[PDB]
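Let me begin by presenting the structure, written as structure tokens, before commenting on it.
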Amino acid sequence: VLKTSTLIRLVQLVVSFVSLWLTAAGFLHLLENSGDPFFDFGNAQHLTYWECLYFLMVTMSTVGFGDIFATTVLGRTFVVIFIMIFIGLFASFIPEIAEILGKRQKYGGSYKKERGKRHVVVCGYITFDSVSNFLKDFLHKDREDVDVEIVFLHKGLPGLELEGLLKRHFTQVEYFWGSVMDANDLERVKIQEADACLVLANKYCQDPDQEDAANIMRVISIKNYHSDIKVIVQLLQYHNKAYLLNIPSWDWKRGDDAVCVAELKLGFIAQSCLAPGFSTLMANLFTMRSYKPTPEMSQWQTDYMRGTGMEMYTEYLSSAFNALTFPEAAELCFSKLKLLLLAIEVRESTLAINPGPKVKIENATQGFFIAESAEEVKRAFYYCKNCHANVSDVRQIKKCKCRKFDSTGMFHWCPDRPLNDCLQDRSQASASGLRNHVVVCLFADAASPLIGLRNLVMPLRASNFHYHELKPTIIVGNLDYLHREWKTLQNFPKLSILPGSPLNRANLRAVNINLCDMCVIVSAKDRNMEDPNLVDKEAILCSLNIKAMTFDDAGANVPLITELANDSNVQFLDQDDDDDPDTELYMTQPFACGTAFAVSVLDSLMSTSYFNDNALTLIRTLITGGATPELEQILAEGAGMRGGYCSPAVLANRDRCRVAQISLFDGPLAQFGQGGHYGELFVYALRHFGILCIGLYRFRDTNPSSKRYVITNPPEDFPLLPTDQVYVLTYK
Amino acid sequence: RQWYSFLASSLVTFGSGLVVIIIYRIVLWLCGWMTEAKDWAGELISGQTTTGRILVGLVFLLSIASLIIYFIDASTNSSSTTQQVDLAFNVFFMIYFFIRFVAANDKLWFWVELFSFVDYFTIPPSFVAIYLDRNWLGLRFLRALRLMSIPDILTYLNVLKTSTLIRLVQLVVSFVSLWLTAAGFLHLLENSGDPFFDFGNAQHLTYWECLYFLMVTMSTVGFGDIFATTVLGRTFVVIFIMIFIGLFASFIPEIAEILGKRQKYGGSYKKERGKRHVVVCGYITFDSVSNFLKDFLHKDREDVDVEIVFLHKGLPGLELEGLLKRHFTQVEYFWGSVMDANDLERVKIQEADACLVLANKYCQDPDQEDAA
Ligand SMILES: [Ca+2]
Ligand SMILES: [Ca+2]
Ligand SMILES: [K+]
Ligand SMILES: [K+]
Ligand SMILES: [K+]
Ligand SMILES: [K+]
Ligand SMILES: [K+]
Ligand SMILES: [Mg+2]
Ligand SMILES: [Mg+2]
């Protein structure tokens, strides 16, 4: 009848205790009532058997009321023996029962599904920090208020902070014990009926390979249980993404997005090398924020914090936009509705970013907007040319009543090379007249794991750029490390590797870091293996070393961007600002100016991949420079990049929209920088050139350090300066 | 049949209440409002909406106020200010009882919950009391279990933050509620007596005497100043002894750990006008400081009024504490690292003269020490 060690130990504990307690009671019942032969059976207090149980449990527990006591000689000698023994039983009896009856797992049961409500199964790394970041993005005021429950399936029992968070979000969120590997725990959660499944990941760990290996197995166990299901995964290393693409059930078509952190992280940084500060333009568009201007802030901060409140949104355009060109449509969204229209999905649904006048708007077209909230974008859905054409107040539109190339033709390809062709010393690097280029200051041991600098270099070598226009990249690190990554990196032109650490000024002066477009600082070393303060020692010391240097033909004017493991270590980068660890990473001066880029800002990207399936694949076109699924399956087949010369049909895919900065100092746009506003600039640039002004990169000090800060989609009436730089989607 | 009338009124609600929903789990076994009211009632109880925070805030205060009426009535022992106002609390709680019935997922499993049980033994006898014109304590003491929701109530409002304060409030309130209920359970059994001997034996303890009695037997002191004479009372004491010793054994030591975690050498360095000071930091032990203070504070140097401020992460040892106290006027010790900018405003390093970073010379490796 008894199975498991707990129930056998429990029954042994209870029954042995009860039997011995009952016998001892009866032994006193004998001795007390009989008396003793020492005094001719004279002394004999008349206790019942039931009075002796009360007496013994009391003396066993070491309470000892003295309400009943032993008068007899033989009885008292038994009490002395009883006291020595049964205190020993009672001391181990109750605590061991408490351990056995405490082991019942609390958050068991099973998720009972309601009819109309659809739900999501979150799993993997689930702590207070991972969930609190997730629930702020997923459950938020700005999104369309859809009834979507969340179900946290997890092995461990939750902490006291997490329990409080789960109780505050009572109606939506529910927590459940058990792993994703057991098929019984999936029938429990009802993942078959569920909409999607989100595998979160521990970014800060001992090694990333064991973490992703678990998350890959989590996917396999879900797909083994049921094939037709959306599974979104948070991976860390890019080479681990090849394993998910070779699972047969894993289908790209139905929205199985592997949110690879290293692909995006370096991609965001790579686009900053082309147009500085773009790293923190895009990072703010995906964290769901709201504008709360406190009076302590200065002029530059309040304009930045408005930019944080803008986000990506998908919503259908009204019938007013039908039979109408793109630039005229994007103008109506900006001028009247006050919404920045980026892209329109055209019915295989192609995702065209900022097309010219040829691409018309069909009926029921999904438009991609940058706006303050989802309900603000809903003004596009309720627009009418007959009714709303004379209304200046925009809140009144609530009325519903109306050379070598890759096989894909996306990147600049090369034939395979050995490392010694692209290797350089301090003599050869200084001989090469390097200017307007990228410098990857790479910190790594020989044994340290791969980042995939391939993901940094790839978007720099996009087919949008001509061969002469490409910014020549110089990586600075170990040969032992880069010998691994050379397998992937070999098929990229204008790439140069220089050995030694980038802390040495002799290395940097040979590179000409003073004449650098963007010096990217990366650390491949193990993240959190010792302390939180000593993690970004190399990353901070390299940035401070470059700021401190002076050149003689430009010290602090060297533009650089630092990857960070810790968010709190952002304060040590810049030397002139107010620092508080209470203040979040996005509000800090180094981040706002595109000098820093932590990984933590991409926690929100797991939520957006669920809600807006196309919003994730939008930015992969805009960031990596056309990383098509076609490429991912070619790379999964294992022979690296390939191509040749290619046909003119394939090479007509060089035309897509890259990001670029336009300074308002020279050229035709300079007239607007003197006196006029941002709204006047946007309309003039759109008609003539085919340009969508996303935001500004304005100087912090204007009254002098050269630190510029991001302003994503400012108001219509926002004054410009002649020193400003404007982010733009081009057709050049 | 006084004990039978008030006790049956609770069991009639509980007993016939299962018959209501057993019918609806057989009728549907053979085979809007369920979704909308459930989500509305959940937001109301969970304290998310500001209208919900009124009901959460009232259930906090009204539960304590209803328990105060029991203490006042049970202390002394047709229509008075104590009895008639008690309905205002019970009529409020029966509305709160129907709201939870809507909010919960399982409907049959709701009727066998703790707070659902509390409602059956508290609310019907209070209505029957004015119907029958008889004040009976009976099972009023179970109003102490309404305190148990305070850890939930405060986490619904987000007053409690950090794991220490949530664990502390859970420890204190659960202990106090269970200790108050147990006292009232004896107060019933001791004063009522028992049906074994026709309610003959019945020692007249107050509710307050039972608290003193239980805390004593809970603590394993057992004076025998007050004791249990009754059969049902003694059986409760045997059960109480087996359980509440287990609570009391883990209650006090875990509170000692929580109230011991307050860091002693906190505060902030208050700077005098003329005196300038120095911020010593890094490796700070008895050996490093004692060598430093012999050189820095010495007879041979020019006697300049220079205070020393030891900013350090760790809590100092017993030898170091004695050394810091001997040098009372000059030397001061402070918790917190040099990395946190709040701990620098604390020490006032901006106004300070210098900062001395000491180093552990004898270590596992020198590179990690210098890196710090
Ligand atoms: Ca917003
Ligand atoms: Ca700083
Ligand atoms: K004792
Ligand atoms: K004792
Ligand atoms: K005693
Ligand atoms: K005693
Ligand atoms: K006595
Ligand atoms: Mg629910
Ligand atoms: Mg002083």
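By order in the structure tokens, chains are A, B, ...; within a chain, residues start at 1; ligands start at 1, following the order shown.
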
Compile a residue-level contact table for chain A against ligand 2 at a cut-off of 7 Å, reporting for every qualifying residue the shortest atom pair and its distance in Å to one decimal, with only C-alpha atoms and all ligand atoms counted, rows ordered by chain and ascending number, as a Markdown table.
| residue | atom | partner | partner_atom_place_in_ligand_line | distance |
| --- | --- | --- | --- | --- |
| A:571 | CA | ligand 2 | 1 (Ca) | 4.2 |
| A:572 | CA | ligand 2 | 1 (Ca) | 4.9 |
| A:573 | CA | ligand 2 | 1 (Ca) | 5.8 |
| A:574 | CA | ligand 2 | 1 (Ca) | 4.3 |
| A:575 | CA | ligand 2 | 1 (Ca) | 4.5 |
| A:576 | CA | ligand 2 | 1 (Ca) | 5.6 |
| A:577 | CA | ligand 2 | 1 (Ca) | 5.1 |
| A:578 | CA | ligand 2 | 1 (Ca) | 6.6 |
| A:579 | CA | ligand 2 | 1 (Ca) | 5.9 |

Now that the selection is made, can you save its residues with C-alpha atoms as a PDB file, in the first residue's frame?
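Written out: part.pdb:
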ATOM      1  CA  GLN A 571      27.582  55.218 -14.571  1.00  0.00           C
ATOM      2  CA  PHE A 572      31.390  54.753 -14.726  1.00  0.00           C
ATOM      3  CA  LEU A 573      31.614  55.387 -18.520  1.00  0.00           C
ATOM      4  CA  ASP A 574      30.919  59.144 -18.738  1.00  0.00           C
ATOM      5  CA  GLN A 575      32.672  61.554 -16.343  1.00  0.00           C
ATOM      6  CA  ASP A 576      30.183  64.487 -16.110  1.00  0.00           C
ATOM      7  CA  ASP A 577      26.644  63.558 -14.989  1.00  0.00           C
ATOM      8  CA  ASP A 578      24.420  62.763 -11.982  1.00  0.00           C
ATOM      9  CA  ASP A 579      24.493  59.020 -11.199  1.00  0.00           C
TER      10      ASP A 579
END

**Request:** Find the residues of chain B in contact range of chain A, meaning any atom within 9 Å when counting only C-alpha atoms, and list them as a ChimeraX atom specification.
**Result:** /B:35,38-40,42-43,46-48,103,105,152,155-158,160-164,166-167,216-229,234-235,237-238,241-243,245-246,339-342,368,371-372

Residue subset to file, keeping N, CA and C atoms, as a compact mmCIF listing (two decimals), in the first residue's frame:
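File written: part.txt
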# COMPACT_ATOMS: atom_id res chain seq x y z
N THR B 35 -18.05 34.90 -17.01
CA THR B 35 -16.73 35.44 -17.37
C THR B 35 -16.52 36.89 -16.91
N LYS B 38 -16.81 37.49 -12.93
CA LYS B 38 -15.63 36.81 -12.37
C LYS B 38 -14.36 37.66 -12.47
N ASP B 39 -14.15 38.29 -13.62
CA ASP B 39 -13.00 39.19 -13.83
C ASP B 39 -13.15 40.51 -13.06
N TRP B 40 -14.38 41.02 -12.97
CA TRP B 40 -14.67 42.23 -12.18
C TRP B 40 -14.47 42.00 -10.68
N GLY B 42 -12.66 39.65 -9.28
CA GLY B 42 -11.23 39.39 -9.07
C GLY B 42 -10.41 40.66 -8.93
N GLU B 43 -10.68 41.65 -9.78
CA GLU B 43 -10.04 42.97 -9.69
C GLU B 43 -10.44 43.74 -8.42
N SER B 46 -8.52 41.74 -5.44
CA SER B 46 -7.06 41.85 -5.60
C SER B 46 -6.48 43.26 -5.41
N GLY B 47 -7.34 44.27 -5.27
CA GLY B 47 -6.90 45.63 -4.95
C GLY B 47 -6.18 46.36 -6.08
N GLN B 48 -6.49 45.99 -7.33
CA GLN B 48 -5.87 46.63 -8.50
C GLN B 48 -6.54 47.97 -8.78
N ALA B 103 -15.67 35.51 -7.78
CA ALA B 103 -14.28 35.65 -8.23
C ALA B 103 -13.51 34.33 -8.37
N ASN B 105 -12.44 30.39 -9.12
CA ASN B 105 -12.61 29.50 -10.27
C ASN B 105 -13.53 28.33 -9.93
N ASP B 152 -1.76 39.15 2.70
CA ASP B 152 -2.33 39.21 1.35
C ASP B 152 -2.80 40.63 1.01
N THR B 155 0.13 43.03 0.34
CA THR B 155 0.73 42.69 -0.96
C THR B 155 -0.19 43.03 -2.14
N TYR B 156 -1.51 43.04 -1.91
CA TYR B 156 -2.46 43.56 -2.90
C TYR B 156 -2.29 45.08 -3.12
N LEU B 157 -2.00 45.81 -2.04
CA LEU B 157 -1.77 47.26 -2.10
C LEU B 157 -0.32 47.66 -2.46
N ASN B 158 0.61 46.70 -2.36
CA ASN B 158 2.04 46.93 -2.60
C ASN B 158 2.67 47.90 -1.59
N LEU B 160 4.19 46.33 1.27
CA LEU B 160 5.34 45.48 1.59
C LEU B 160 6.22 45.28 0.37
N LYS B 161 7.51 45.58 0.52
CA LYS B 161 8.54 45.27 -0.47
C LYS B 161 9.71 44.59 0.23
N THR B 162 10.52 43.87 -0.54
CA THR B 162 11.60 42.99 -0.04
C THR B 162 11.05 41.73 0.64
N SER B 163 11.86 40.67 0.62
CA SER B 163 11.47 39.36 1.16
C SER B 163 11.44 39.31 2.70
N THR B 164 12.20 40.18 3.36
CA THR B 164 12.28 40.20 4.82
C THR B 164 10.99 40.68 5.48
N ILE B 166 7.93 40.91 4.06
CA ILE B 166 6.83 40.00 3.69
C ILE B 166 6.85 38.76 4.59
N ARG B 167 8.05 38.22 4.83
CA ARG B 167 8.23 37.07 5.73
C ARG B 167 7.96 37.43 7.20
N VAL B 216 2.22 30.29 27.79
CA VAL B 216 3.02 29.55 28.76
C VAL B 216 3.24 28.08 28.33
N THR B 217 2.18 27.38 27.93
CA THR B 217 2.28 25.99 27.45
C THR B 217 2.91 25.88 26.05
N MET B 218 2.72 26.92 25.24
CA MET B 218 3.38 27.07 23.94
C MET B 218 4.90 27.21 24.12
N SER B 219 5.30 28.05 25.06
CA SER B 219 6.72 28.27 25.39
C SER B 219 7.39 27.10 26.13
N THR B 220 6.59 26.12 26.57
CA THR B 220 7.06 24.96 27.34
C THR B 220 7.58 25.35 28.73
N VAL B 221 6.98 26.39 29.30
CA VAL B 221 7.26 26.83 30.66
C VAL B 221 6.36 26.05 31.61
N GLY B 222 5.05 26.07 31.32
CA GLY B 222 4.04 25.34 32.09
C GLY B 222 4.08 25.54 33.60
N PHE B 223 3.58 26.69 34.05
CA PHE B 223 3.54 27.03 35.47
C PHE B 223 2.62 26.11 36.27
N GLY B 224 1.49 25.72 35.67
CA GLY B 224 0.41 25.06 36.40
C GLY B 224 -0.30 26.03 37.33
N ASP B 225 -0.25 27.32 37.00
CA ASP B 225 -0.91 28.37 37.76
C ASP B 225 -2.38 28.34 37.35
N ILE B 226 -2.59 28.25 36.04
CA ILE B 226 -3.88 27.90 35.45
C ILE B 226 -3.67 26.58 34.70
N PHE B 227 -4.67 25.70 34.75
CA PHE B 227 -4.63 24.41 34.06
C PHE B 227 -6.01 24.04 33.50
N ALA B 228 -6.04 23.01 32.67
CA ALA B 228 -7.28 22.51 32.07
C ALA B 228 -7.85 21.37 32.90
N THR B 229 -9.06 21.57 33.44
CA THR B 229 -9.77 20.54 34.21
C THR B 229 -10.69 19.68 33.34
N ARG B 234 -8.57 19.57 27.93
CA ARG B 234 -7.29 18.84 28.03
C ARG B 234 -6.88 18.18 26.71
N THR B 235 -7.85 17.65 25.96
CA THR B 235 -7.57 17.08 24.64
C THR B 235 -7.10 18.14 23.65
N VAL B 237 -5.43 20.87 24.71
CA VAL B 237 -4.08 21.16 25.22
C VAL B 237 -3.04 20.15 24.71
N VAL B 238 -3.42 18.87 24.65
CA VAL B 238 -2.56 17.82 24.09
C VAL B 238 -2.27 18.06 22.60
N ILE B 241 -0.18 21.41 22.38
CA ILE B 241 1.21 21.09 22.75
C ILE B 241 1.99 20.48 21.58
N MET B 242 1.37 19.55 20.86
CA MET B 242 2.00 18.91 19.70
C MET B 242 2.26 19.87 18.52
N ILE B 243 1.38 20.86 18.34
CA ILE B 243 1.46 21.79 17.21
C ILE B 243 2.22 23.07 17.55
N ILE B 245 4.12 24.22 19.91
CA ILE B 245 5.55 24.14 20.23
C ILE B 245 6.37 24.17 18.93
N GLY B 246 5.87 23.49 17.90
CA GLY B 246 6.46 23.54 16.56
C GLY B 246 6.45 24.92 15.91
N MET B 339 31.68 52.03 -4.50
CA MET B 339 31.08 51.98 -5.84
C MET B 339 29.75 52.73 -5.90
N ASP B 340 28.93 52.58 -4.86
CA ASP B 340 27.64 53.29 -4.77
C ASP B 340 27.86 54.78 -4.51
N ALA B 341 27.31 55.62 -5.38
CA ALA B 341 27.42 57.08 -5.27
C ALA B 341 26.63 57.66 -4.09
N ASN B 342 25.61 56.94 -3.62
CA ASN B 342 24.88 57.31 -2.40
C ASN B 342 25.75 57.22 -1.14
N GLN B 368 43.27 40.35 -9.31
CA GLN B 368 41.88 40.59 -8.88
C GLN B 368 41.77 41.65 -7.78
N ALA B 371 42.56 45.06 -9.59
CA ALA B 371 41.38 45.32 -10.43
C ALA B 371 40.24 45.96 -9.65
N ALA B 372 40.03 45.50 -8.42
CA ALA B 372 39.04 46.09 -7.51
C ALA B 372 39.43 47.51 -7.10

Residues at most 6 Å from range 191-208 of chain A, counting only C-alpha atoms, excluding those fewer than 3 positions away in the same chain, as a PDB file with N, CA and C atoms, in the first residue's frame?
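Here's the written file result_30.pdb:
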ATOM      1  N   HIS A 119      -4.751  32.061 -23.898  1.00  0.00           N
ATOM      2  CA  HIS A 119      -3.649  32.215 -22.942  1.00  0.00           C
ATOM      3  C   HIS A 119      -2.288  31.811 -23.514  1.00  0.00           C
ATOM      4  N   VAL A 120      -1.238  32.164 -22.772  1.00  0.00           N
ATOM      5  CA  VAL A 120       0.156  31.935 -23.166  1.00  0.00           C
ATOM      6  C   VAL A 120       0.888  31.196 -22.045  1.00  0.00           C
ATOM      7  N   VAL A 121       1.807  30.309 -22.427  1.00  0.00           N
ATOM      8  CA  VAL A 121       2.590  29.513 -21.479  1.00  0.00           C
ATOM      9  C   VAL A 121       4.032  30.024 -21.428  1.00  0.00           C
ATOM     10  N   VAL A 122       4.344  30.820 -20.408  1.00  0.00           N
ATOM     11  CA  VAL A 122       5.709  31.304 -20.192  1.00  0.00           C
ATOM     12  C   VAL A 122       6.486  30.236 -19.417  1.00  0.00           C
ATOM     13  N   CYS A 123       7.747  30.029 -19.795  1.00  0.00           N
ATOM     14  CA  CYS A 123       8.584  28.982 -19.198  1.00  0.00           C
ATOM     15  C   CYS A 123      10.077  29.287 -19.340  1.00  0.00           C
ATOM     16  N   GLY A 124      10.905  28.467 -18.694  1.00  0.00           N
ATOM     17  CA  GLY A 124      12.359  28.637 -18.697  1.00  0.00           C
ATOM     18  C   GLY A 124      12.812  29.384 -17.458  1.00  0.00           C
ATOM     19  N   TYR A 125      13.614  30.431 -17.647  1.00  0.00           N
ATOM     20  CA  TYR A 125      14.119  31.236 -16.531  1.00  0.00           C
ATOM     21  C   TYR A 125      13.017  32.152 -15.996  1.00  0.00           C
ATOM     22  N   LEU A 186       2.096  19.495 -19.462  1.00  0.00           N
ATOM     23  CA  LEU A 186       1.588  20.256 -20.611  1.00  0.00           C
ATOM     24  C   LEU A 186       0.070  20.104 -20.777  1.00  0.00           C
ATOM     25  N   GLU A 211      22.746  26.908 -21.089  1.00  0.00           N
ATOM     26  CA  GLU A 211      21.452  27.589 -20.978  1.00  0.00           C
ATOM     27  C   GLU A 211      20.614  27.418 -22.245  1.00  0.00           C
ATOM     28  N   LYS A 230       2.818  28.071 -31.779  1.00  0.00           N
ATOM     29  CA  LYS A 230       3.805  29.147 -31.820  1.00  0.00           C
ATOM     30  C   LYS A 230       4.741  29.016 -30.618  1.00  0.00           C
ATOM     31  N   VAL A 231       6.036  28.850 -30.892  1.00  0.00           N
ATOM     32  CA  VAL A 231       7.061  28.742 -29.853  1.00  0.00           C
ATOM     33  C   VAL A 231       8.128  29.808 -30.096  1.00  0.00           C
ATOM     34  N   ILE A 232       8.157  30.813 -29.223  1.00  0.00           N
ATOM     35  CA  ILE A 232       9.137  31.895 -29.284  1.00  0.00           C
ATOM     36  C   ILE A 232      10.212  31.615 -28.232  1.00  0.00           C
ATOM     37  N   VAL A 233      11.475  31.665 -28.656  1.00  0.00           N
ATOM     38  CA  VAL A 233      12.610  31.259 -27.827  1.00  0.00           C
ATOM     39  C   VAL A 233      13.608  32.400 -27.701  1.00  0.00           C
ATOM     40  N   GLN A 234      14.182  32.547 -26.507  1.00  0.00           N
ATOM     41  CA  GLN A 234      15.255  33.501 -26.264  1.00  0.00           C
ATOM     42  C   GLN A 234      16.586  32.747 -26.246  1.00  0.00           C
TER      43      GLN A 234
END

**Prompt:** Which residues, written as a PyMOL selection string, have at least one atom at most 8 Å from range 235-250 of chain A, with only C-alpha atoms counted and residues fewer than 4 positions away on the same chain left out?
**Reply:** chain A and resi 201+203+208-209+212-213+215-216+220+223+227-228+256+258-263+450-452+632-633+635-636

Export of prior selection with C-alpha atoms as a CSV table (one decimal), in the first residue's frame:
chain,number,residue,atom,x,y,z
A,201,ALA,CA,16.4,32.7,-20.8
A,203,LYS,CA,21.3,36.0,-19.9
A,208,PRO,CA,25.6,30.4,-22.4
A,209,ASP,CA,25.8,27.0,-24.1
A,212,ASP,CA,20.6,27.5,-24.7
A,213,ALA,CA,20.9,23.7,-24.7
A,215,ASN,CA,15.9,26.0,-24.0
A,216,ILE,CA,16.5,24.0,-27.2
A,220,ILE,CA,11.7,19.9,-28.6
A,223,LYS,CA,7.0,20.3,-30.3
A,227,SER,CA,3.5,20.4,-33.6
A,228,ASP,CA,1.1,23.1,-34.6
A,256,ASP,CA,8.3,30.6,-34.5
A,258,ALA,CA,14.1,32.5,-32.2
A,259,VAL,CA,14.9,35.9,-30.6
A,260,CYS,CA,18.7,35.5,-30.7
A,261,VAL,CA,20.2,38.1,-28.4
A,262,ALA,CA,23.8,38.1,-29.9
A,263,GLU,CA,22.4,38.6,-33.4
A,450,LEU,CA,32.0,32.8,-29.2
A,451,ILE,CA,30.1,36.1,-29.5
A,452,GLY,CA,29.7,35.9,-33.3
A,632,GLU,CA,19.3,31.0,-42.2
A,633,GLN,CA,18.5,27.6,-43.9
A,635,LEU,CA,23.8,28.6,-43.0
A,636,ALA,CA,22.1,25.6,-41.2

**Message:** If the limit is 12 Å from any atom of ligand 1, counting only C-alpha atoms and all ligand atoms, which residues qualify? Return them as an NGL selection string.
**Reply:** :A and (137 or 140-143 or 284-292 or 305-313 or 370-377 or 712)

Okay, now the selection with C-alpha atoms, as a PDB file, in the first residue's frame?
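Contents of selection.pdb, freshly written:
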ATOM      1  CA  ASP A 137       5.737  45.008 -21.243  1.00  0.00           C
ATOM      2  CA  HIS A 140       0.597  47.552 -20.190  1.00  0.00           C
ATOM      3  CA  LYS A 141      -1.708  50.564 -20.622  1.00  0.00           C
ATOM      4  CA  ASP A 142      -0.408  51.471 -24.096  1.00  0.00           C
ATOM      5  CA  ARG A 143      -1.215  48.164 -25.868  1.00  0.00           C
ATOM      6  CA  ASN A 284      13.430  52.622 -26.778  1.00  0.00           C
ATOM      7  CA  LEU A 285      10.804  51.760 -29.453  1.00  0.00           C
ATOM      8  CA  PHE A 286      10.305  48.219 -28.027  1.00  0.00           C
ATOM      9  CA  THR A 287      10.265  48.812 -24.254  1.00  0.00           C
ATOM     10  CA  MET A 288       6.650  49.845 -23.561  1.00  0.00           C
ATOM     11  CA  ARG A 289       6.992  53.186 -21.734  1.00  0.00           C
ATOM     12  CA  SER A 290       4.825  56.209 -20.872  1.00  0.00           C
ATOM     13  CA  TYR A 291       5.698  59.919 -20.663  1.00  0.00           C
ATOM     14  CA  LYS A 292       5.974  61.075 -17.017  1.00  0.00           C
ATOM     15  CA  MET A 305      11.957  61.078 -22.260  1.00  0.00           C
ATOM     16  CA  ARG A 306       9.265  61.888 -24.855  1.00  0.00           C
ATOM     17  CA  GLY A 307      11.293  59.769 -27.307  1.00  0.00           C
ATOM     18  CA  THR A 308      11.234  56.833 -24.860  1.00  0.00           C
ATOM     19  CA  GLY A 309       7.411  56.903 -24.876  1.00  0.00           C
ATOM     20  CA  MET A 310       7.218  56.278 -28.650  1.00  0.00           C
ATOM     21  CA  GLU A 311       6.762  52.630 -29.747  1.00  0.00           C
ATOM     22  CA  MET A 312       6.189  50.384 -32.786  1.00  0.00           C
ATOM     23  CA  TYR A 313       2.536  49.522 -33.569  1.00  0.00           C
ATOM     24  CA  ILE A 370       5.708  54.955 -34.437  1.00  0.00           C
ATOM     25  CA  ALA A 371       3.355  56.597 -31.910  1.00  0.00           C
ATOM     26  CA  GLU A 372       2.763  57.210 -28.189  1.00  0.00           C
ATOM     27  CA  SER A 373       0.167  54.435 -27.663  1.00  0.00           C
ATOM     28  CA  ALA A 374      -1.946  51.915 -29.619  1.00  0.00           C
ATOM     29  CA  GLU A 375      -5.140  53.981 -29.144  1.00  0.00           C
ATOM     30  CA  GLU A 376      -3.330  56.950 -30.773  1.00  0.00           C
ATOM     31  CA  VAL A 377      -2.581  54.748 -33.831  1.00  0.00           C
ATOM     32  CA  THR A 712      12.609  59.738 -31.559  1.00  0.00           C
TER      33      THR A 712
END

**Request:** Compare A:475, A:623, A:346, A:153 by their minimum atom-to-atom distance to residue 269 in chain A, counting only C-alpha atoms, and give me the closest one.
**Result:** A:623
